[PDB]
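Here is what each chain is made of, one letter per residue.
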Amino acid sequence: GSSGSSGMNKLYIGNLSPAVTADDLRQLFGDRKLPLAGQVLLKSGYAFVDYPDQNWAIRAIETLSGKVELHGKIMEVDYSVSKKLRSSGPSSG
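Listed as the method for this PDB entry is solution NMR.

Pasting the structure below:
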């Protein structure tokens with residue numbers, strides 16, 4: 001039915017001006033000597049990026065998030081996590 005074994009992950013980017021384009025995102029990451037060895041996604045208000053390794057993401061975020069400004073607005077990068085789901089019922093054991 002509906003199942004999946006955790007695996008590849010991505011990073012969520014917030015505070016992205018409505019003028020920001022995929023070209024700028026790729027140019028920004030590459031300009032900081034941080035190439036994307038995966039896929040890039042640009043959403044209206046945010047964007048997602050695939051990181052090669054955990055170390056790369058942590059280093060990239062620290063070098064980007066809080067250290068990079070786009071369109072006069074500071075870009076925020078963090079692990080794209082949700083873990084949000086309503087639960088209807090107790091648990092045993």
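A. A look at helix 1 (residues 22-31). Listed in full, the buried residues belonging to helix 1 are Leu25, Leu28 and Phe29. Projection of helix 1 onto a plane perpendicular to its axis shows the buried side chains occupying an angular sector of 95°, all on one side. Exposed residues pointing more than 90 degrees away from the buried face of helix 1 are listed as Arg26 and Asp31. Summarising the contacts, the buried residues of helix 1 are in contact with strand 1 (11-14), strand 2 (40-43), strand 3 (46-49), helix 2 (54-64) and strand 4 (69-70). In the stretch just after helix 1, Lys33 is the one whose phi turns positive, near 60°.

B. Examining the sheet that holds strand 6 (residues 76-79) more closely. The strand order across the open sheet built from 4 strands is 2-3-1-6, with neighbouring strands paired in antiparallel fashion. Sheet topology places strand 2 and strand 6 at the edges, where each strand pairs with a single neighbour. The mean inter-strand angle of the sheet, taken between neighbouring strand axes irrespective of direction, is 20°. Judged from the 4 bridges that link them, strand 2 and strand 3 form a sheet pairing that is antiparallel.

C. Summary view of the nonpolar core. If you look at the biggest cluster of nonpolar residues, it comprises 20 residues, and the most contacted ones within it are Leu11, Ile13, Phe29, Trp56, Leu64 and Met75. Elements with a contribution of two residues or more to this core: strand 1, helix 1, strand 3 and helix 2. The greatest single-element share of this core, amounting to 5 residues, is contributed by helix 2.

D. Fine view of the pattern of salt bridges. Counting across every chain of the model gives 1 salt bridge. One salt bridge in this structure joins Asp23 and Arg26, with 3.4 Å as the shortest N-O distance. In this pair, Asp23 and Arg26 both sit in helix 1, 3 residues apart, roughly one turn of the helix. Residue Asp23 is classed as partly exposed on the basis of its relative accessible area of 41%.

E. Summary view of the environment of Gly4. Relative to the helices and strands, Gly4 is located in the segment before strand 1. Residue classification places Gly4 among the exposed positions, given a relative accessible area of 74%. Distance from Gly4 to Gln54, taken between C-alpha atoms, is 21 Å for residues 50 residues apart in sequence.

F. Spotlight on the packing of aromatic side chains. This model, assessed by the stated rule, comprises 5 aromatic pairs. Aromatic side chains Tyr12 and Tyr46 sit 6.4 Å apart centroid to centroid with 65° between the ring planes, which places their arrangement in the edge-to-face category. Remark: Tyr46 occurs in strand 3 and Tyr12 occurs in strand 1; sequence separation between them is 34 residues. Relative accessible area serves as the criterion here: at 31%, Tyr46 is assigned to the partly exposed category.

Parameters at a glance
- Residues numbered from 1 in each chain as written, not as in the entry; some residues may be left out.
- Heavy atoms only, no water.
- Buried < 20%, exposed > 50% of the residue type's maximum accessible area, 1.4 Å probe, protein only.
- Helix = DSSP H or I, 4+ residues; strand = E, 2+ residues; numbered from the N terminus.
- Arc of directions from axis to C-beta.
- Contact = heavy atoms within 4.5 Å.
- Pairing = 2+ DSSP bridges.
- Axes fitted to C-alpha atoms, helices over the stretch in contact; angles between N-to-C directions.
- Core = buried A, V, L, I, M, F, W, Y, C linked by side-chain atoms within 4.5 Å.
- Salt bridge = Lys/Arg side-chain N within 4 Å of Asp/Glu carboxyl O.
- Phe/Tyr/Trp six-rings, centres within 6.5 Å; stacked < 30°, edge-to-face > 60°.

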